[PDB]
Structures are given as structure tokens and as C-alpha cells.
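Chains as they are written, first to last, in the entry's author numbering: chain m, 2 to 78; chain D, 2 to 92; chain E, 2 to 253; chain e, 9 to 105; chain b, 2 to 136; chain i, 2 to 113.
Where is the CB? At the ideal position from N, CA and C, for every residue including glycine.
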Amino acid sequence: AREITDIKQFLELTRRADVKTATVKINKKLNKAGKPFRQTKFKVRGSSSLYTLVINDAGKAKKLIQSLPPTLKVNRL
Amino acid sequence: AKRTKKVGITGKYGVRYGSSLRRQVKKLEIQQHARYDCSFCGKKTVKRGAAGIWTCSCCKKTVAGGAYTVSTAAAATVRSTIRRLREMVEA
Amino acid sequence: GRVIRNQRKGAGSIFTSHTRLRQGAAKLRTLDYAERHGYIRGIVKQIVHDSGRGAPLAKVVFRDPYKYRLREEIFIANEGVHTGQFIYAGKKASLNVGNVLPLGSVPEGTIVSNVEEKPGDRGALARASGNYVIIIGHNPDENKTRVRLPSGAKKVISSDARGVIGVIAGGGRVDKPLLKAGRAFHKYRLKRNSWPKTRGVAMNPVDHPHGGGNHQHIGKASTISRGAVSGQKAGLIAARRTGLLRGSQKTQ
Amino acid sequence: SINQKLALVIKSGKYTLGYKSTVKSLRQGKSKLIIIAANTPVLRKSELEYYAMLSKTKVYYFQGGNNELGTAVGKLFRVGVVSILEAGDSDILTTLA
Amino acid sequence: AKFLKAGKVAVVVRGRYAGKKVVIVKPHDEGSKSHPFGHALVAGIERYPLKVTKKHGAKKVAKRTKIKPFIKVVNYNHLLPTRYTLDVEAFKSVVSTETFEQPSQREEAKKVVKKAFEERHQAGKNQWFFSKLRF
Amino acid sequence: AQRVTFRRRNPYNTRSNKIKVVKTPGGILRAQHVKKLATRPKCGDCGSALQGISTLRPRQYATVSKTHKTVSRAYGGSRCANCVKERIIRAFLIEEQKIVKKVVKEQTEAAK
RNA sequence: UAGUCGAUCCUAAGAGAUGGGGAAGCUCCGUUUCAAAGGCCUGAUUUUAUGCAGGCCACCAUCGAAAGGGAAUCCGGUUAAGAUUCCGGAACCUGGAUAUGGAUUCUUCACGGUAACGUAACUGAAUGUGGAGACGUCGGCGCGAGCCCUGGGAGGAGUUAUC
RNA sequence: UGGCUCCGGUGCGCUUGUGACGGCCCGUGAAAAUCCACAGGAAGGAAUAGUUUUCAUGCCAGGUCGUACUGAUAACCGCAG
RNA sequence: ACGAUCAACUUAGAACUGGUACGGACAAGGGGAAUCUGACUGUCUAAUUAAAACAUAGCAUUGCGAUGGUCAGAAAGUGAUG
């Protein structure tokens, strides 16, 4: 239900010991009017709400996928 | 223009109800639906609702008064009587 | 043969009053130690319309002298009490329009209303709109006061009874004609079930003592004695005269 | 009487109208006289009677409401309180204030 | 004439400190670059000292007689000046325009104002300034 | 068009049973039962709605923090500012005026 | 197939106990009444189990509205017949527990804004007051929603003897 | 297994919700539960740390009864489809 | 005071034309001169009477100042108007 703009807040959430499931979604949307590009959404399941993180530039996204803790169960697409 | 010659507001009643009765209801609707001077704020904003009640539009006051006019003629003399009677207590 | 209408308004089934939108009773303040020795100041917050009452009320709020709280009391508003006026109940209260005083403390000619019969029944006489009693004399021996009621009946009461100064707001309410039937309907839908009044000549002899005939006529004389049986008293009751009244005003 | 004097001051002296302007001219001590209408609220009248005894400015009560005071100073609107800060030809500061 | 001198007591009538008695430590009748009007720097108290009585032990006197002060800029239309006064020469030069933003200097002012008002609460000259205006 | 039905089991058009028509993600029109509109808190003295207070139904106010129910004055969420201002001015000036009532009767009672 | 829909709870016009008063009696009146009409938080604890020493407060049964008042949800899918109830996902309310942060604090119970007021937090009992619940009907105006109408574009069907 | 599911416009339009108004009245047009706020100051609380669950997060639990279908020129009442 | 440009329909008039038709179906007032009667809007004999009857506003009368006037109860330390 919530949206998060910060990256380090999302990394604080992934280690909160209630978050058991996360998921990565890959959308295919178009920038300003011209071109298709690749959006990603990182959705972690807190026990009350479902927090998300919208990353448009994938050069942060590959670093962030690598930066997830490996104990977290990740649904990829 | 002046759309009616002699009925005025009681022209909403029409052909009904006689002539003397509509003249009599006219005499009191010209007082009732009028807009009176507020004695405190000095603004001509006193209107009525709820017969005997005269709420100022601004100023939040409410004067309990006569039913169709703000203070009827048999009442405004009474306070002058009080002005005669309260002076004898001191002098 | 049947029970007639005025015998039928007494069981109180559908002829009871219509009190939902009424604010409350319209009493004065319960006479306590502050009101029979000094005075006590209440501010008028909200003068309001009472449903079924020609006069407007006045919700004057007082300080409870024995516990810390505010007690709200519903006077009948005299004419010319703006909200935010301090109203002074008690014996030593001054004589201004809206103050409530004992009748032994005012001079004669004073135009008061909502006046008590016996001291402490909280506002019996002169309550309807436009009305007032006039103190026409004192009798300081055995503390009585002689007043004139709104009907023109002079009356001696006790000088510990309380009256609020000034005529009653809403005056001149019946100077306007009530032109249509629906307006009288909406008047009497908030008081009790006493409208429309069918004439008793227009009905049958089971329904009324005046009932029936091949012409609409009363029958015997329409003046019925004061001592008749409950059930005959339908007509004129104990009429000492009748007919169109003749004679000038200001009688002896 | 007093209204002819107010006309002479209003055409030959310096004044101010309103409530906020009289309070601003009265905190600065420029106010030499205040004239208060009859139908002003008593809270307002006490707040102007209190500022006057802080500044030692004399107060003249005006018989008649704010409509008659608006008519008196030559204006058309209503005015609750007038403050005279300079007198003209007349001497209303030193007559009976 | 002028009655907004630097020792007058005022009652704040607008804002978070409304109904709290202050003293005008530095008037500004003309105004400044910021606050484009006639403002003033006042120092007052946020919580009045409570009514201590004859029967309290001394330590329970202390947590009744505490004072929480405040310094503030306030417009002239947001003060009732009054005929009472308070001697301000203890902290006259402390609270100024320079005592403001970079707010760490405000607490250095609040300590001095608190000590001054507590030391004036002892030896109880100016009794009226320390009692809560009940409204 | 697509004609819609009530969702609950109350068929009458009361003040509790109101209807909004919403397009749902299946594409179809469907009704939505709408709660009655909340009203602003009012001043008890001047009747004007007083600002800074979230306008909610009366049991919603227990789900909310205290800063959506209050402003930071004395008489915060209860009375509007002007009235509070007036009941400072009056409540100052009378308690100055009363002191005048204590300074006159020290002299008139002494010069008698 | 229900924590979320309704009943449950509340009072309305009204019904109806108790105290009392009639009545030979069946029962009748009255509902806050000529009634000594009950519970609430802190202290006493380490005989004390939770009684007692007080400080308060006084209302004064109960019923009565699956169209009035009211704490809380939606979408998608699903069966031969159920779905706002089941299934997947996403929420919210009430009650109770306790921790982890953050905040406050030696100016012990926050600061900023002239102000209107704002900040994720930012003690507060008895008592009092205010607000919401809380509200006629008609008339036109403004805004919003859904439907309707329409343009370009991306698909599928129909017509084609002619267009 | 793939694609697309996009960009707009108008209104005395229809229905509906609402905001500020304006008319009406010898009609001025419910009550209680429930919840909140403020005034008040009892009481309690500092830092080698006591306070804070009307801040964020976490945990636990939500009982009973109704739920099918028609609501009508054949499912209700009118003796009956 | 313009230039570009864009959506609405409403109103008024002119020619031309039709086997003089055209609110082409549907929809959709007959009107006037008077008399008797009730003023009106309204209401009733549900299964023969919808009226000039009843009501009405208006006018007038009568009783009554509450230890009260009208009325209920078999009574009551009862009740309706209240």
C-alpha cells in the first residue's frame, strides 16, 4: 500500500526480521514520449503493508538486486 | 417597472382570499420580510425567523421582539415606563 | 346514544399534546437562598423557537451556587432581550427589562409577566405572547400585592411571588389573518388533535346533542347550565348573557 | 456645539478614523483625543479606555451611535472611534476634555 | 505619551503563547528588514509557578516553583501593554536581535531568563507577573 | 448502459444507503456504498468552523494522532482564535477594572 | 460458509418492572415517581486473599426502529445450486499484550511561525464546558463522478450489384 | 507462446453527490448511545537513566444467529397456476 | 485594438422547389351569452349517492386566574388539555 523513495530505507526494511518475501517486477514503459525502457519495482512484504520501491534507471537496479540479503525469499517476475 | 398596481407581495396569493384580508396580510408582510437596523452594530441587517425572533445576519446577536416588527408599539412604551419607574428608586 | 367528541378528548389517546420539538418546560429559577436574599447573574446564550408556542424562549445559563457546574434554565423571553444580556434573578436585582424580581420589590404600574401565583411555582400567570400583568397596588400588611391579569380580572397574590419585568416577545401574532386552511393545519399539527371542528348540528343525534334534523338547527336552547351532567355540556356553558356584546371599555 | 467643532477640525486639522489606525496612532503617542461612539461594544470601549490611561490621552464620549459619528465628521460610512492628533482653528483639546 | 518602553509588562494575545505575561526587553517601533512592521522582543514564561502552600516539604516546593521561559518576537497588535512593570536591567543586553537564529544562542538566553525570573520569584517583588491569568 | 444494483440487503434510498457508481478493474459498473459525509468541528461560541482540525466521523478521531485534533493555543481544538483573543482581553481588563473597584472603596469608605 | 453485510448496541412515539397506592379479586395506576434504591480510580499489601482507612461521583431498571443513530474491506477468480462470506492478493477496525527503534529530558514533562497555524512523536486524574452523532422543503448557480456523444490511433466481426 | 490494452474533446445533456447562497412559515423542521477536544491541576517522572504504547514497527484474538430462491398477468394475499 | 485559431447550438430573414402539402404517424383545449348554488385548494358514504353535503380561512358568542374551566377512571398517595 505504501511507496518508498529512499534506497537505504528499503535496505533497512529488508533486514526487519518480519519480511520473509520480496518480489521483483519488470515493467516495460516508455519515456517522455519516445522510447521504450525498463522499469523495475521491488516489493517487500511487511506484515501490515506491502512496501514498494520504483527504480527507473536499471544501473541502480542491478546493484540493488545484488544488495539484497540472501536469506530473503525473492519471487522474480 | 412597478409590476403590480396595489397588491405588491400579496399578489402571490392572487384572486383568492378577499381584498381586505390580502390588504391586511400585506400590511404585516411589509413589516415581516423587511430588513431592520441592528441597534448594536449599526448595520441594517436584522431579519427575522421563527416568530418573535430577530437574528442579525452579522454580529451573531438575536433580539426577541415582536412577531412581525422588531419592537411593537405596545412594547416600546413599556421600557419608557421602566425609564420612568427606575429613576424614582434613586431620586 | 354514542359518546360525543368532548367526552372523547379526555381519555388521552390521540388528543394528547404533540411534544417532541419542544425545548423543555418554560419555568423560572427554583427559588433558593441566593434569589430570596440577593441576586444572581445569568447570561442569555440562545433565544430559541418553541414548537407550539407563540412566544420565543430564552436559554439563560446560571452558575450553580453549591457545586461547580452551570445550570441552564429556559425562561419565556420578554420582548427586547438581546443575547449576552446579564439577567439578574433575585430580591435586590434592579428593575430592567428582563430581570426577575419579587412583586413586593417593584412599584405600582410596573409591567411584569411570567408571574407566579404562589411563591415558588416557577412562572404560572401571564406567559403567552404579548401579555403582561400590571401591579396596581401593594398591601404591605401580610405582604400581599394587587395586580391586574391579562383578562381584566384583578387579583391579590403574595408579595414573595416572582415576576420578570417586561411584556412577552412575539406580540401581535394574531393580528395577521391565517388566510388558508393549510396554514391553520400546520398551526394545529404541533399543538394537539383539535382540528377540523365539525359542527355538532351537522351530525347525527348519536354523535352530538345538537345532532340531526331535516333542517340544520340546534333544537332546544344552546345555553347549557353549569351544573349539567358531563355529556350535555356541548353548546354554551353557563352563559350569563349572550348575543353581540355592547358597551364601552374601561369599566369600573 | 460639538459637531461644528468636529467639522472645523476635520477641514483644518489632522485626524484618523477606524479602530486599528487609532490604536496604531495611540501606541505611538501621537493621539491627542479620541471620540468613541455610543453603540461600540463595551469590550472595545474598555480596551480603548485602557490604552488612553496608558498614554494619558483624554477621552470624549459621543452621544449617538457610529452612524451619527460618521455623519458628523463629513464622511458617509460609519465610524466607531475617531482620533484627533492635530487640532485646527478650534480648541477642542482644551475646551472640556 | 509613549508607553512601550523597555520595562513594560504585556499580555500576549495571539500565538502559542497566548495569555502569557511577558516583558518587552527591546522595542522596535519602526521595524526591521525582516518583520516589516512594528515588532518587539519579549521574554515571558510558558508555565507559571504553581501555588505552593505552608505544608509542602522543601523538595516538593522545588518541583512546584519551576519556571519555563521563552523569548519571542511579537507584533505590537498582538500585545496588551499594561500599567505594571518589571526591571529588565539584569538581562537587558543579553536578549537582542543577535540572540536569534543560529538557535543555540536562544537556549543560552533561556537559561539567563529562567534564573532571573526564579530569583525575582524569591523576594516576591512583582507578584502580579508570576500569577496565571485565568481565562 | 450497465444498470447497477445495491450490494447490501437494504433496498431503500435512506441516508445510510447511498450509492456511487464505480468502474471496477473487470470493466463493469458496480455500486459502492458511501459513508455519510463528515462535518467540520465548530466553535461553540461563534459557530464558525475552526481550522487545523481534521474533519472525520466521531469514532474516527480515536484512530488519529493528537496533532490532527488540536492547534497549539490555549483553548486549542475547542474555540476559534478570535473568541480566545476576546476572552483574554475581557479577562484581563475586568481584572484590572476590579482593582479600581478595590481602590475607590478604600477612599470613599474612609472619607465618610 | 462472514472480525468488515445485517441482526447484536442506542434511543423515538410508546410499552413495562421495582418502591408505593387501589381492588373482594382477575389485576388497575405510575416510571423517577412521598423508597435508607449503587458502582467508580488512588492509597493498605508483602498475616492481606485484594479486605480495610478515605477522597470523590448520583445518575436511578428494562424493552422498542434487520428502511433512523452506528467502529471496521475491496478487486479478480470460482460451483450443477454459495459468495462484499469461499480461493489468491491487498487492506482496515476493536480488544489485549508486550518489546525494538525514534522522541523528550541536568531550560525534568518539544520546538518553529509576528500571526492564522505547522511539525512522525511531544505527561497528565477528579470535576466542568464545548464539538461531532444532529438532520425540513423548494429554487437556480459552481464543482465532481458514472452514463451518453465525438476525434485520432491499435485490433475482431458485418455490408460490397453500386457507393 | 506472443502482442496491444494509447492519446484526447465537448455539454441549459441525463442521473447522482455536494459547496456557498436565496425563498417559505401564528408549520423554523428527533433523541440517546458512542467518540473527540479544551479548561483544570491531583499524581508521577530526571540523565548513567527514568519516563514514553492518543509516533513507527511487531505479536495475538474476534463468539452467536440469518445468508439458497421468487418478490409476482404461475413462488405473497385474495378458496385456485 | 487586432491577427491567428477553435467548439456550441439558438434566433431572425431570403431565394428555389414539391399533383397547395408540411404540429403530414404519434401526441394533442371546442368556444361564447347567462341563470341557481357553494367563495376557493381540500374531504366522505371502500361494493349504487363525490354533491349545492363536511371542512376551511373570516366573524361572533360562552366558560375558566388552577385549593380552576372541559373531560376520563370501578377506585387511587389516579389521568387527558399540560
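Beta bridge counterpart(s) of residue i as assigned by DSSP
| i | result |
| --- | --- |
| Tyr-89 (chain E) | E:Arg-42 |
| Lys-43 (chain i) | i:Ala-50 |
| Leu-30 (chain i) | i:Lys-24 |
| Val-95 (chain b) | Paired residue(s): none; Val-95 (chain b) is not in a bridge. |
| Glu-94 (chain e) | e:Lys-22 |
| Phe-43 (chain m) | m:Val-25, m:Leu-54 |
| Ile-158 (chain E) | E:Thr-146 |
| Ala-65 (chain D) | D:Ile-54, E:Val-82 |
| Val-114 (chain b) | Answer by DSSP bridge pairing: none, since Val-114 (chain b) is not bridged. |
| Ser-114 (chain E) | E:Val-165 |
| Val-16 (chain D) | DSSP lists no partner for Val-16 (chain D). |
| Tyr-18 (chain b) | Beta-bridge pairing links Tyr-18 (chain b) to no other residue. |
Status (buried if at least 16 other CB within 10 Å, exposed otherwise) for residue i
| i | result |
| --- | --- |
| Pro-103 (chain E) | buried |
| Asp-51 (chain E) | buried |
| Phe-16 (chain E) | exposed |
| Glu-36 (chain E) | buried |
| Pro-82 (chain b) | buried |
| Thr-48 (chain e) | buried |
| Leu-32 (chain E) | buried |
| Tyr-52 (chain m) | buried |
| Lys-21 (chain m) | exposed |
| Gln-67 (chain m) | exposed |
| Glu-31 (chain b) | exposed |
| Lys-62 (chain D) | buried |
| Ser-33 (chain e) | buried |
| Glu-80 (chain E) | buried |
Through-space distance from residue j to residue i, alpha-carbon basis
| i | j | result |
| --- | --- | --- |
| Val-53 (chain b) | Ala-52 (chain D) | 56 angstroms |
| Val-12 (chain b) | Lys-22 (chain b) | 5 angstroms |
| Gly-236 (chain E) | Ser-14 (chain E) | 24 angstroms |
| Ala-239 (chain E) | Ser-223 (chain E) | 10 angstroms |
| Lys-60 (chain E) | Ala-27 (chain E) | 10 angstroms |
| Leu-51 (chain b) | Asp-88 (chain b) | 23 angstroms |
| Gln-32 (chain D) | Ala-129 (chain E) | 22 angstroms |
| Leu-86 (chain D) | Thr-146 (chain E) | 17 angstroms |
| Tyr-27 (chain e) | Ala-45 (chain e) | 11 angstroms |
| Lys-45 (chain D) | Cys-60 (chain D) | 11 angstroms |
| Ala-185 (chain E) | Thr-64 (chain i) | 51 angstroms |
| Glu-94 (chain e) | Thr-102 (chain e) | 12 angstroms |
| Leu-71 (chain E) | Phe-63 (chain E) | 6 angstroms |
| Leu-80 (chain b) | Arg-15 (chain b) | 8 angstroms |
| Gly-85 (chain E) | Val-98 (chain E) | 14 angstroms |
| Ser-18 (chain E) | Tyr-189 (chain E) | 10 angstroms |
| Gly-47 (chain m) | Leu-54 (chain m) | 13 angstroms |
Interface partners of residue i on chain b, CB under 8 angstroms
| i | result |
| --- | --- |
| residue 1 (chain i) | For chain i, the structure presents residues 2 to 113; residue 1 (chain i) sits outside this window and is missing. |
| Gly-37 (chain e) | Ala-2, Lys-3, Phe-4 |
| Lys-86 (chain i) | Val-14, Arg-15, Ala-19 |
Partners in chain b for residue i, counting only beta-carbon separations shorter than 7 angstroms
| i | result |
| --- | --- |
| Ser-63 (chain e) | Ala-2, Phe-4 |
Residues that residue i contacts on chain i, provided the C-beta gap is smaller than 7 angstroms
| i | result |
| --- | --- |
| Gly-20 (chain b) | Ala-75, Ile-89 |
Within chain e, partners of residue i - CB distance below 9 angstroms
| i | result |
| --- | --- |
| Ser-40 (chain D) | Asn-47, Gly-73 |
Under 8 angstroms from the C-beta of residue i: neighbouring residues of chain e
| i | result |
| --- | --- |
| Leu-94 (chain i) | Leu-51, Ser-54, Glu-55, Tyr-58 |
Partners in chain e for residue i, counting only beta-carbon separations shorter than 7 angstroms
| i | result |
| --- | --- |
| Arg-84 (chain b) | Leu-62 |
Per-residue contacts from residue i into chain D (C-beta, under 7 angstroms)
| i | result |
| --- | --- |
| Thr-84 (chain E) | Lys-62, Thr-63 |
### Task
Output the residue ranges of the alpha helix (DSSP H) runs that lie fully inside the region 21-92 of chain e and measure 4 residues or longer, sorted by chain position.
28-35, 50-63, 74-80
### Message
Going residue by residue through the region 39-110 of chain b, where are the continuous beta strand (DSSP E) segments of at least 3 residues, counting only ones entirely within it?
### Response
40-48, 69-76, 80-86
### Query
Which full runs of the beta strand (DSSP E) of 3+ residues lie inside the region 3-77 of chain E, going along the chain?
Listed in chain order, the beta strand (DSSP E) runs fully inside the region 3-77 of chain E are 40-47, 58-64, 71-77, counting runs of at least 3 residues.
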